[PDB]
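Counted from 1, the sequence shown has number 678 at position 533 by the working numbering; the numbering is strictly sequential. In what follows, a single structure is set out as structure tokens and then discussed.
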Amino acid sequence: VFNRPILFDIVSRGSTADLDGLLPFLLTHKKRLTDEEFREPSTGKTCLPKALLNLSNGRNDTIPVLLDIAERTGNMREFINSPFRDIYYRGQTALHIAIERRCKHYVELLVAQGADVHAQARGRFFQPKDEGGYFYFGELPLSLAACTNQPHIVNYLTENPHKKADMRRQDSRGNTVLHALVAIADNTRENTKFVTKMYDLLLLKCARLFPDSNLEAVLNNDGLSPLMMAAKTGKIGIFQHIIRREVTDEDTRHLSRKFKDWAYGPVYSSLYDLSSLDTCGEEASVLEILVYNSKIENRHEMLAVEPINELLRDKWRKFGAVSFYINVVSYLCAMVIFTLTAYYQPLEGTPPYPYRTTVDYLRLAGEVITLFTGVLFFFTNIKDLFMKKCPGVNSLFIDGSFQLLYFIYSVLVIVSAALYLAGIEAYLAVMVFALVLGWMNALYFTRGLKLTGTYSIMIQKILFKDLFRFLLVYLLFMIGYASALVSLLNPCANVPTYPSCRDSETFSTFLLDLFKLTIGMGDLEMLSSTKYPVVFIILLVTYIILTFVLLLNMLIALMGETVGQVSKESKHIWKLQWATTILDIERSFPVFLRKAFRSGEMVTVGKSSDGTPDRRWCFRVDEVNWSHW
Ligand SMILES: CCCCCC/C=C/CCCCCCCC(=O)O[C@H](COC(=O)CCCCCCCCCCC/C=C/CCCCCCCC)COP(=O)(O)OCC[N+](C)(C)C
Ligand SMILES: CCCCCC/C=C/CCCCCCCC(=O)O[C@H](COC(=O)CCCCCCCCCCC/C=C\CCCCCCCC)COP(=O)(O)OCC[N+](C)(C)C
Ligand SMILES: CCCCCC/C=C\CCCCCCCC(=O)O[C@H](COC(=O)CCCCCCCCCCC/C=C/CCCCCCCC)COP(=O)(O)OCC[N+](C)(C)C
Ligand SMILES: CCCCCC/C=C\CCCCCCCC(=O)O[C@H](COC(=O)CCCCCCCCCCC/C=C\CCCCCCCC)COP(=O)(O)OCC[N+](C)(C)C
Ligand SMILES: CCCCCC/C=C\CCCCCCCC(=O)O[C@H](COC(=O)CCCCCCCCCCC/C=C\CCCCCCCC)COP(=O)(O)OCC[N+](C)(C)C
Ligand SMILES: CCCCCC/C=C\CCCCCCCC(=O)O[C@H](COC(=O)CCCCCCCCCCC/C=C\CCCCCCCC)COP(=O)(O)OCC[N+](C)(C)C
Ligand code: NA
Ligand code: NA
Ligand code: NA
């Protein structure tokens, strides 16, 4: 009487008259609605989803009857429970459907008959957008009701009688509800609004219950707490909210991270918590994550909030500034040594060993100190291979460029050291590149000043955004004219001249003359020994006009558009450069020394478990407003 296609129509039509009678029919033939040959073959869908998906106007009275029929078959447990085994819906239930439809009335229902509030909606649809999915919310009904802007459900699901989803439950990634609100928060007004509300709500609510470990401390299956998870994913609205979190009510004051130490008229101190932000070695920290492992698109807005700017500046005072200016002179000196050993390197004979002299032994100190730097920069970069390397480090203006060139410098000293010992006399040519490359690595050390460091950033952008597109065209013209102009010179199959005849080097030198010529550095000085002399002169003039008057002076113009556009952007990169410099120094210290330079002051912010105080390191920031008396 009721086949598979029969019912899915009836319930999809949502009219509880045509279905009546399937109750006694099914009871007789020894069936239960969940049975295989009554539910869809592809997904695994049954009557109850199809009712809810095709819900209309907010209600549909088929469902209380199909559920009334459920206990008659005795499948309520199995009936409001089902893994759609579709590889796009691996775990969706009627409760996942009840909530996303904003259908409060049935969400109260479906849980009341004791269904589930923990089903892991693990389907590829229900994965993050980078796994090839559409909507991650966690994987749970409570994590959904939060992530779908439904406060009423979320309140209910907790303080509902029958069953309740604890606010602690982890999905199949470790991520709880707060982890999941960080996964769906974009940095828009409307999104950041209702994320922060519910984030607080559950966090303040979960303090009432389980008056123990904060739910914000629940690490997921890669550690990263909701704050650490926002810092890695670039979510300012939640990230900013968490740090300057000042709750006042006596119970939930351990949840605040911005205190009110003292005030006196229009001057107001304040005291931020650095529990996660600054952890010298013995914990993961937000600040390491931002400066190294995060979204580069907004990392400057992350390092420009409440302690983070003044916490790095404080490290710069203590050790950051000093140790950086030992690194520079240590490097500038090492390049003096690599210079003097090159100006006193001999130039006659296969390997110029024959030292046996106070000078040549002094040169020997030079090459050895050099090779020490090359093997150093080689290992420190390959240490970074098993450590901080493998982002897209080929064109970043945040030390991605120099990691290569110090590696090139490192390789290129090793090869010269290999050939100076393997007899080969091109130790020199390979060294010469290493030397020019090495001084051009001292631009790394312009990072300790906005003045010189912003400048060095504009050099490299202009080198990318402005100079390559210029050489593409410039080259393209040059082979065009040069070939065109070589064609108009008589061979030396004629009288052995270059300045009248052409043979075997005439192309190559023109490329240099036509290079000197556009640079404003060579003279025409018409060759004039040509079959057609007047066509020749007409072409060089078109080369000057196009390449000097028009391309190279347009190149100045384009730079002016570049430096105007990338000035601010270069100020913001430098702040990432500068911060990266500080932590590269800090990480290079032992832990006890990092704790000696520990930034902030220990404070009893308040009282906690059995009167135990809160010994939270914090960072004072005095402030003035002549407005909020
Ligand atoms: C977008 C426009 C592109 C223009 C491209 C240039 C075009 C030129 C078109 C005309 C072709 C001329 C052909 C010359 C042929 C040639 O060479 O014939 C010769 C000798 O010479 C003549 O007989 C011509 C005498 C007249 C001279 C005055 C020219 C006035 C030119 C005015 C216009 C200048 C444009 C200037 C550049 C402006 C560019 C601005 C935009 C920027 C983008 C490019 C071969 O001698 P032969 O007897 O075989 O043997 C040698 C014996 N002997 C003669 C030396 C005793
Ligand atoms: C407002 C405050 C104003 C104060 C301003 C003046 C401050 C001056 C501080 C100067 C000291 C810091 C610089 C030292 C040199 C340094 O650290 O050089 C670093 C590395 O060094 C080392 O590896 C050597 C290890 C030993 C260092 C400490 C020795 C000095 C100890 C004295 C500290 C003074 C305080 C306490 C006492 C210590 C005892 C325990 C506490 C007791 C209670 C107080 C250079 O960087 P590098 O790794 O090359 O850069 C990155 C390299 N990479 C990874 C990219 C390849
Ligand atoms: C990932 C990097 C690794 C590099 C790979 C290259 C390594 C090794 C190759 C070297 C060996 C090849 C020659 C072996 C045979 C030989 O010795 O051949 C010689 C001549 O050979 C050469 O001259 C080879 C050219 C060397 C330079 C290569 C490029 C070096 C690296 C280039 C990159 C660095 C630049 C940067 C530019 C700066 C601007 C950037 C700004 C960027 C700003 C952002 C024959 O002459 P002969 O007198 O007979 O020699 C004596 C022989 N006898 C008689 C004793 C047996
Ligand atoms: C308050 C002051 C206290 C002073 C304490 C002095 C303590 C110790 C002195 C020795 C310091 C050595 C520290 C080296 C730290 C280091 O690792 O340095 C490296 C730099 O490469 C080296 O060092 C090469 C190695 C060979 C030794 C140096 C040359 C030979 C010895 C010279 C020492 C004596 C100097 C100068 C003497 C004349 C001074 C005139 C003052 C005048 C003041 C105005 C830091 O590069 P990195 O950050 O890792 O960046 C790499 C790039 N990447 C990967 C991050 C992109
Ligand atoms: C390459 C490695 C890394 C290098 C980094 C350090 C480089 C240089 C050190 C310079 C430090 C001082 C500059 C601070 C400027 C500043 O902080 O602000 C600048 C203001 O600049 C100036 O007014 C003029 C600047 C030029 C002064 C010249 C004297 C210093 C050099 C020493 C003398 C050299 C001669 C001769 C030597 C003797 C020879 C005898 C042997 C001869 C052979 C026998 C911009 O301010 P603003 O517009 O607010 O922009 C924002 C920047 N802000 C404040 C946030 C950082
Ligand atoms: C994608 C296609 C790439 C194809 C590349 C094919 C490469 C080579 C083919 C040539 C093979 C022969 C060369 C042997 C080398 C040699 O030794 O040749 C010499 C010839 O003399 C020279 O001085 C060398 C002149 C070289 C000509 C280059 C032409 C133009 C090449 C253009 C390549 C660039 C493309 C594009 C630029 C894009 C720009 C925008 C960005 C777009 C990005 C996609 C042999 O001397 P010999 O005969 O013994 O004596 C001299 C002659 N005499 C006296 C007997 C009459
Ligand atoms: Na000129
Ligand atoms: Na000249
Ligand atoms: Na001249």
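Note that the Cβ used here is the ideal one computed from N, Cα and C, for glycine as well.
| field | Segments assigned alpha helix (DSSP H), at least 4 residues, entirely inside the stretch 202-272 | value | 207-218, 221-224, 239-245, 249-257
| task | Identify which residue in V431, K676, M671 has its Cα closest to the Cα of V686. | result | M671
| Residue range of the alpha helix (DSSP H) that includes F764 | First-last for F764: 758-765, but that is the beta strand (DSSP E), not the alpha helix (DSSP H).
| Who are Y417's beta bridge partners in DSSP? | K403, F764
| Applying the criterion that 16 or more other CB atoms from any shown protein chain within 10 Å of the CB defines a buried residue, is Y565 buried or exposed? | Buried, by the Cβ-count rule.
| query | With contact counted as at least three CB pairs below 8 Å, one residue from each stretch, are the stretch 281-297 and the stretch 247-265 in contact? | reply | yes
| said: Considering only heavy atoms of ligand 5, does any lie closer than 7 Å to the CB of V473? | reply: Distances from the CB of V473 to the heavy atoms of ligand 5 include at least one below 7 Å.
| task | Put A408 into one of helix, strand or coil per three-state DSSP. | result | In this structure, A408 counts as strand in the three-state DSSP scheme.
| Distance cut-off 7 Å: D611 Cβ against heavy atoms of ligand 2 | no
| message | Which runs of the beta strand (DSSP E) at least 3 residues long sit entirely within the stretch 694-764? Give them in chain order. | response | 746-752
| Neighbourhood of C351 by C-beta, 7 Å cutoff - its chain only, sequence neighbours within 5 removed | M312, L360
| Who are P636's beta bridge partners in DSSP? | BP columns for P636 point to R647.
| query | How many Å lie between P356 and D755 at the Cα? | reply | 12 Å
| query | For ligand 4, any of its heavy atoms closer than 7 Å to the Cβ of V520? | reply | no
| message | Please list the terminal residues of the continuous alpha helix (DSSP H) segment that includes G593. | response | Neither: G593 is in no alpha helix (DSSP H) and is coded neither H nor E.
| Count the other CB atoms within 10 Å of the CB of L656; is the residue buried (16 or more) or exposed (fewer)? | exposed
| said: Taking CB distances under 8 Å as the criterion, tell me whether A266 reaches chain C. | reply: This model lacks chain C altogether, as it is built from one protein chain only.
| request: Measure the alpha-carbon distance for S555 versus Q605 and round it to whole angstroms. | output: 21 Å
| Whether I434 touches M373 by CB criterion (8 Å) | yes
| Where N199 sits in the DSSP three-state scheme | coil
| field | Any non-hydrogen atom of ligand 7 closer than 7 Å to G667 Cβ | value | no
| Quick one: does the C-beta of residue 779 sit closer than 7 Å to a heavy atom of ligand 5? | Since the displayed the chain opens at 146 and closes at 774, residue 779 lies outside it and no answer follows.
| request: Specify the secondary structure class of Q295 as computed by DSSP and reduced to three states. | output: coil
| Cα-Cα separation between residue 128 and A310, rounded to whole angstroms | In the structure as shown, the chain begins at 146 and stops at 774. Residue 128 is therefore absent and cannot be evaluated.
| Inter-stretch contact (C-beta, 8 Å, three-pair minimum) for the stretch 618-638 and the stretch 592-603 | As far as the Cβ criterion goes, the stretch 618-638 does not touch the stretch 592-603, which means the pair count is below three.
| request: State the Cα-Cα distance for the pair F660 and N698, rounded to the nearest angstrom. | output: Whole-angstrom Cα-Cα distance: 15 Å.
| field | For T486 and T642, the rounded distance between their alpha carbons | value | 42 Å
| request: Specify the secondary structure class of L457 as computed by DSSP and reduced to three states. | output: Helix, per DSSP.
| field | Proximity winner among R765, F524, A562, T707, relative to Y600 (alpha-carbon distances) | value | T707
| Can you tell me whether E512 is buried or exposed, with buried defined as 16 or more other CB within 10 angstroms of its CB? | Under this definition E512 is a buried residue.
| query | For the alpha helix (DSSP H) that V431 lies in, which residues bound it at each end? | reply | 431-437
| Near ligand 6: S645 beta-carbon under 7 Å from a heavy atom | no
| said: I'd like to know whether the C-beta atoms of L400 and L348 end up nearer to each other than 8 Å. | reply: yes
| query | Taking the alpha-carbon positions, what's the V156 to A196 distance? | reply | Answer to the nearest angstrom: the Cα atoms are 5 Å apart.
| Taking all protein chains shown into account, do 16 or more other C-beta atoms lie within 10 angstroms of the C-beta of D154, making it buried, or fewer, making it exposed? | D154 comes out exposed.
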